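Mapping of the sequence shown onto the deposited numbering: residues 21 to 165, in sequence order.
First up is the structure itself, then whatever we jot down about it.
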Amino acid sequence: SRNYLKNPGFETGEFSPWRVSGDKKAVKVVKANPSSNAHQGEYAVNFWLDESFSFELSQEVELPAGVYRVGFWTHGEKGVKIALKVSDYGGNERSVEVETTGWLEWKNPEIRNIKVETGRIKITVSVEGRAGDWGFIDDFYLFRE
Ligand SMILES: OC[C@H]1O[C@@H](O[C@@H]2[C@H](O)[C@@H](O)[C@H](O[C@@H]3[C@H](O)[C@@H](O)[C@H](O)O[C@@H]3CO)O[C@@H]2CO)[C@H](O)[C@@H](O)[C@H]1O
Ligand SMILES: [Ca+2]
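Encoded structure:
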């Protein structure tokens, strides 16, 4: 299926056109080493800081009218709080909350059945880290159902 998110797996090694807000210093795009850390390809978003941190990773997409689903893949230190949110599509915001549970214990947050009526959507991932927390984010998808 066509994936409507741009640079959805960070495989350029760069964020663009994703935007980072909040504690930008906690988050980078890396060539995964070991490569296990990425869900697909060679690159992933990696976050870490030695003090508590809060950031958002987001991308806006203009879409043909239709019904969509979005998700991504993450793993990280046991206890990191991550949220996936969708907004601005015509209905109220929807979110999913996940906890990472340890290295390579992959989680796949997903929101389905999003009827896009405004011709656009905003995809936002929120990360709330404790001091020393870390994790990886990769392999976004935005598909028309
Ligand atoms: O569990 C033993 C193994 O740990 C691996 O390290 C894991 C990740 O590969 C690594 O990225 C992560 O490191 C954190 C963060 O991602 C990184 O940016 C930052 O610099 O350090 C953070 C840790 O303080 O740590 C986990 C730990 O399980 C090793 O890759 C592997 O060789 C092996 O030691
Ligand atoms: Ca990737």
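Where is the CB? At the ideal position from N, CA and C, for every residue including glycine.
| request: Could you say which of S72, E130, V145, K44 lies nearest to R89 if we only look at CA atoms? | output: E130
| query | Within the present structure, is the beta-carbon of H95 separated from the nearest heavy atom of ligand 2 by less than 7 Å? | reply | no
| message | Spatial neighbours of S78 within its chain, please: C-beta separation below 6 Å, excluding the five flanking residues on both sides. | response | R39, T144
| Residue burial classification, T32 (beta-carbon count within 10 angstroms, cutoff 16) | exposed
| field | Buried or exposed by the 16-neighbour rule on C-beta atoms within 10 Å, applied to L162 | value | buried
| query | In chain order, which beta strand (DSSP E) runs of at least 3 residues are fully inside the region 69–129? | reply | 73–82, 86–96, 101–107, 114–119, 122–127
| query | Is there at least one non-hydrogen atom of ligand 1 closer than 7 Å to the beta-carbon of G61? | reply | no
| Can you tell which of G149, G110, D159, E165 has its C-alpha closest to the C-alpha of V47? | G149
| said: So for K142, helix, strand or coil by DSSP? | reply: strand
| field | Separation of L83 from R140, as counted between CA atoms | value | 5 Å
| Can you tell me the Cα-Cα spacing of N112 and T138, whole angstroms? | 12 Å
| What's the gap between the Cα of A85 and the Cα of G91? | 19 Å
| query | Closest to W123 by CA distance: which of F30, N57, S36, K44 is it? | reply | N57
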